[PDB]
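Heads up: the structure comes next, in structure tokens.
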Amino acid sequence: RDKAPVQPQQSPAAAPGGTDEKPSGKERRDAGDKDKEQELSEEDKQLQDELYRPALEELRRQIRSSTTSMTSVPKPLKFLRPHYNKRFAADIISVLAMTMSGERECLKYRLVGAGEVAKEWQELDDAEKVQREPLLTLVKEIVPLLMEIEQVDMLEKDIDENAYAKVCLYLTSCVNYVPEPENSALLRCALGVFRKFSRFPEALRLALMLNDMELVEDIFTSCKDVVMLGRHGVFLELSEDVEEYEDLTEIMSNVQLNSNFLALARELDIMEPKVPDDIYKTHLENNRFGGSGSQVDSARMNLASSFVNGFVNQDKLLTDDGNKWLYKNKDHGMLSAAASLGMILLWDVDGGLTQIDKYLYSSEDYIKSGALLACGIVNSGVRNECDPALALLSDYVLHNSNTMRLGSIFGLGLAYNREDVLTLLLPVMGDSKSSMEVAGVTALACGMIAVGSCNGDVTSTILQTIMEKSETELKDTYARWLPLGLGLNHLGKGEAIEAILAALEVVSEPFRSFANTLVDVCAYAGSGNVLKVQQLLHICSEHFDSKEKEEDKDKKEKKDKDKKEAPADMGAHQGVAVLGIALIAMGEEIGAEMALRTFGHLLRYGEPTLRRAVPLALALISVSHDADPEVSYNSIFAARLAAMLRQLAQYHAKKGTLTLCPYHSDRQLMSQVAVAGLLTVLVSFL
Amino acid sequence: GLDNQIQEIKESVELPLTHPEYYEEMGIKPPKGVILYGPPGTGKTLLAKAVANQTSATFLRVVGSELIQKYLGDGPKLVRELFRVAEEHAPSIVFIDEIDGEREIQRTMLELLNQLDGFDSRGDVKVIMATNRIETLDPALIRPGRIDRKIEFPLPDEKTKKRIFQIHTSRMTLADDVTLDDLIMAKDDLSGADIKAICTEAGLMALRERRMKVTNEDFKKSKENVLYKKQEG
Amino acid sequence: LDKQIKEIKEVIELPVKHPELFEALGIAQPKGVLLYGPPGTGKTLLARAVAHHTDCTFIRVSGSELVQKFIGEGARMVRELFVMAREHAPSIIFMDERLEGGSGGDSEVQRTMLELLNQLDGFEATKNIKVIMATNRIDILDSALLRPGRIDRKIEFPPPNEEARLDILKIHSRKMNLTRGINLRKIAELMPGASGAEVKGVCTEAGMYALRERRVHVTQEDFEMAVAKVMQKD
């Protein structure tokens, strides 16, 4: 309408003119005005005017909220206590109170650190529960903890919209954008509302992130009350870490109400639905066992044939092909080939005895030490191999009990805060033997046993190897794999300051500062910590080209969810070590076309370290473009390193703790061929 | 009727390095490959054998002679580029497709035959030529190029597209009332990706209306694309 | 001439009175518009009148000979014109150059406007880049079978009506002398057939009878004879 009968009405300050004209302004407030409220210059005088002053504050917040302001907009609302699904309430509430309470919660919530913002914040909570705009009002009211009472205040009817939408995009933005202290309120408030709600596996993800035994006990009495079982046993055991399967087996072993949770808390119900069904519904051929086990020569294709043969991917012909094939192999292929019968027996608990007992008490040392290694590989819940292997280990100098200590301590670590074998490993941690893999598999064994501790630990074994690490600073390979035991013992942190503790306690010459940056790699699992990104680009040009390799190697774990930021121009540099950093940052994902597109230019390189490292990540990330890269490597070479690694690619051409932790043992291949003794016993296999 | 033809080209061009122990022991060595030609052509045997041979091999795509005729007669320079990248890709399969004034076509075809014959290299790569009509090509190309084998495609119109249609529609879903008399009677100079293309745009055209059934008039409407495709080029 | 400008002001005149803040606060750009109806009148008078009141350039694709080599050496013909569209931001483009032959032969231009509306709908590197669809055959129902409809403006184009001949007959009557004893309702509402260009055929072909009869002005009988003349063919 025209402003002729209504424009000269707001100019006088008469009290009756307000008591009748202000309700008329409320009648015209259904659409605001005919235009963008150009009358601001004639209605701004009413700032100090007042008898129905709530209508004056409502018109004033209507126009100041209408055209432009940033602080004077919500003051009439916090002073008003609004009074007096229509277009009126949708306009003055939905958008005007959307931006209005957005900048009010921004200014007041980001200013002081009352009750008006809480009562009126709940007034907008109910008002938006009447207007019902999903995934917008919530994502605006994220930062005002009020999030907990807002979720338990709204999650009554809209379960799929707020849980699926809000928990999904607010979860992704709660690990990418929202910091950790609010994410704790997501974990516990979602423990509540998801504890009441159905669809338990999302709460099981809340057990993957919370690692709490009360949630899994309630989800096992509630998942037991609701009846299949083998599936949630499969991703139950997959989703659980090392902590909550022993806590799960201790409370499960306490009551568990049917003993079926004792049955589920072991390495039996994750493979009893998999192995026989995988043999039934799927079938593997003998082209790779027979082929890649038939064109072998030069004592290295026997290594790769012993590892690929050690893989299960039913057929056991190449193992049963007569005898002396292990005798024609090297010592590391005697540990690997002696552990092949163990690797092919991840199931059939009763078969490992009658299959490995042949290699036991043999004439060669690596046959029986690799046989105890196989005893550690075959199972993870039997734990009955402890006494025979540990009974003879007390030699500590040169006896077969040192390689039986490698296979038995590392394999026993695969079979497992176990403190008895830790006190038994205290003289082994303090052994200080010049053999690298003794404290290699000892530190990696206690670390892989202790992956998932509550904000890490400062136990006397990692502290023992810190003091003894300060005794003699020799054999830098210890300064490379001992920090792996350190940071793997510190695994499970979300905000722990142990990286600064070690940064104050163990810092020295570049070697133990490289240990410090290893703890930094094992200290940034991921949160809202953009300081690690500005520090990342800040330390991107450091002289020490190894702390860049590791600290930048942590890219596959820091930004492992926002996959758009990972592609960069790292390959365009001349620091081939950075090309290796991106090569490690590829990962083991589904392997999109961009990944293999990087494996092309990374595949074409002259140095045997990167040309040897590219088929490893190329094979791990891939699970008619499978046998063609093999012909491509055939076109590259036509050494033996790329031959063993290319047969590993011949096999493998077709947040989890155990599936991702043992990769750094493989990330130290730039050394003697002795790496095959530890590379063959990875636990990242499915 | 292509089983004997696909096992004869399978044994003809798959006797080399892919499973090689039956090639370097008897001492025959016809390292020249075959020259594909089909009476319908247009991707039927060219695409069918171009995708059927990719079980384990390295493919090299060369389709169309437009880049030579769309501008000045650059000639065998791109043949030298594909010959140095084919030299750097020796264990591959050279697949030249759509070989379609004449005073220069004869000299770039003479130089193409000379460089393609292997005048400066021994037999190491399998060269495959393809065209729509084997009669338009001058017979002077047969003796230097083809010394291994040349394959004819004696297709039974009902059982070639009914066997390829049956195999290619036994794994995926389709609609009813799919006629075949107008297909085997009218379709010519088209491929199996064209009957798959009109069954895919037929079931997809029914998917536009959110239906899983295709009407006969809709299969004739998609058939009109085949009716005009052969008359256009 | 009001029902078409009232619907084209929001298609061409919208980025005129709106600064760059509406690109991040309001509607970004209108994508395209099609005017179904045989190009009798207004085919170039609308884009050339608004472009005359815009002072922009007029770049055509017109995929044919003599233009595939001028716009770049060799490309998809929608990238070099886009480089000339970043160099020349104000540019109004007009798509102007059976179901059996026109399906494919016209499906080349249909693919051209598909990829052009997928570059405009794809990304916005520059403004004032707009395309106008013009198809007036069976390929407008085949185009309607190819137009997704989600990004498309609907402006009615009346050559199969009468008012588009009344207004353009008055516009074509202001330039020349006309009598006062004329009624444009029968002589302008009673002209069906091919398109609105037969009105221009009525003026130009009517001049032969106006000069033939030595009439210094134009009468209605002359317009009737010219209606018979334009109704001889087509």
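Bridgeable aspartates and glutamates around A:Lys433 (alpha carbons under 13 Å apart, same-chain partners fewer than 8 residues away excluded): A:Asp395, A:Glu468. Each of A:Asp277 and A:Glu505 was given a label point 7 Å from its Cα along the Cα-to-Cβ line. The distance between the two points is 4.6 nm.
Per residue of A:627-635, other chain Cβ atoms within 10 Å of the residue Cβ number 3 on average. In this structure, the pairs whose alpha-carbon distance is over 18 Å, taken from B:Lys44/B:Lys220; C:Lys43/C:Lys233; A:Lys36/C:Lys127; A:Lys324/A:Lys358; C:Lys170/C:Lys200; B:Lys162/B:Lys229, are B:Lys44/B:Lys220; C:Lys43/C:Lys233; A:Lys36/C:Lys127; B:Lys162/B:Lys229. Among the GluC sites (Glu not before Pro) in region C:1-54, those placed in a DSSP loop whose Cβ has at most 13 other Cβ atoms within 10 Å are C:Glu10, C:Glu20. Taken about its Cα centre, chain A carries a charge dipole of roughly 1420 debye when the Cβ of each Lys and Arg holds +1 and the Cβ of each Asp and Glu holds -1. For the protein assembly as shown, the dipole from Cβ point charges (+1 on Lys and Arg, -1 on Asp and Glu) about the Cα centre works out to 3820 debye, to the nearest 20. Set the Förster distance to 51 Å, then compute FRET efficiency between A:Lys564 and C:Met231 from the Cβ-Cβ distance, nearest 0.05. Given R0 = 51 Å and the Cβ-Cβ separation, E is 0.20. For the protein assembly as shown, the Stokes-Einstein estimate of translational diffusion at 37 °C and a viscosity of 0.692 mPa s comes to 86 µm²/s, using the Kirkwood hydrodynamic radius over alpha-carbon pairs. If you take all C-alpha pairs in region A:306-402, what percent of them are over 15 Å apart? The share of Cα pairs beyond 15 Å in region A:306-402 comes to 60 percent. Each listed q (0.15, 0.20, 0.22 Å⁻¹) maps to a log10 I(q)/I(0) for region C:150-213, found by the Debye formula over equal Cα scatterers with no solvent: -0.52, -0.83, -0.97. Ellipsoid fit via the Cα gyration tensor, region A:240-392: semi-axes of 32, 20, 11 Å, each the root of five times an eigenvalue, largest first. Note on A:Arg87 and B:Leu78: their simple-model spin labels are 6.3 nm apart, each label 7 Å out from Cα toward Cβ. Here region B:138-186 is treated with +1 on each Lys and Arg Cβ and -1 on each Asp and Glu Cβ, and its dipole about the Cα centre works out to around 460 debye.
Each semi-axis of the equivalent ellipsoid for region B:95-158 is √(5λ) with λ an eigenvalue of the Cα gyration tensor; in descending order they amount to 23, 17, 10 Å. Treating the Cα atoms of chain C as identical point scatterers in vacuum, please give the log10 of the normalised Debye intensity I(q)/I(0) at q = 0.09, 0.18 Å⁻¹, two decimals. For chain C, the Cα-only Debye profile gives -0.48, -1.32.
For chain A, adding -39500 (n - 2.57) for each run of n ≥ 4 DSSP H residues and dividing by the number of residues yields -15500 deg cm²/dmol at 222 nm. The trypsin sites (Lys or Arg not before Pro) found in region B:1-98 that occupy coil by DSSP, while having at most 13 further C-beta atoms within 10 Å, are B:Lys70. Working note: Cα atoms of region C:112-189, range along each principal axis, descending, whole Å: 57, 30, 18. If you bin all the Cα-Cα distances of chain B at 5 Å, starting from zero, the percentages per bin are 1, 5, 12, 16, 16, 14, 12, 10, 7, 5, 2, 0, 0.
Place +1 on the Cβ of every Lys and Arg and -1 on the Cβ of every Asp and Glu in chain A, take the dipole about the Cα centre, and give the residue among A:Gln647, A:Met404, A:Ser253 whose Cα lies farthest towards its positive end. It is A:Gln647, whose Cα lies furthest towards the positive end. Given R0 = 25 Å, the distance between the Cβ atoms of A:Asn384 and A:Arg231 translates into a calculated FRET efficiency of 0.30. Here region A:121-182 yields Rg over Rh of 0.93, to two decimals, using C-alpha coordinates and the Kirkwood radius. Three semi-axes describe the equivalent ellipsoid of chain A; taken as square roots of 5 times the Cα gyration tensor eigenvalues and ordered largest first, they are 62, 27, 25 Å. When you count the other C-beta atoms within 10 angstrom of each residue and take the mean per peptide, A:527-535, A:613-621 line up highest first as A:613-621, A:527-535.
The three principal axes of the C-alpha atoms in region A:643-686 carry coordinate ranges of 31, 24, 14 Å, sorted with the longest axis first.
Determine the alpha carbon to alpha carbon distance for each of A:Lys78/A:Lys129; A:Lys532/A:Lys563; A:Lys34/C:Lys31; C:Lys17/C:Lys130; A:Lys26/A:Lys75; A:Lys493/A:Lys561 and list only those over 22 Å. Among A:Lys78/A:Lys129; A:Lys532/A:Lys563; A:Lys34/C:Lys31; C:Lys17/C:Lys130; A:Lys26/A:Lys75; A:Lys493/A:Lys561, the Cα-Cα distance tops 22 Å for A:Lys34/C:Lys31. Report the calculated FRET efficiency for A:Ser69 and A:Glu156 (r = Cβ-Cβ distance, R0 = 41 Å), to the nearest 0.05. For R0 = 41 Å, the calculated efficiency reads 0.70. Of the trypsin sites (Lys or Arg not before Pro) in region A:354-385, the ones in a loop by DSSP (not H, G, I, E or B) with at most 15 other beta carbons within 10 Å are A:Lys358, A:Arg383.
Positions of Cβ are generated from backbone atoms using ideal geometry, with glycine treated the same way; all protein chains shown enter the neighbour counts. Every number in this text was worked out from the coordinates using simple rules, so none of it is lab data.
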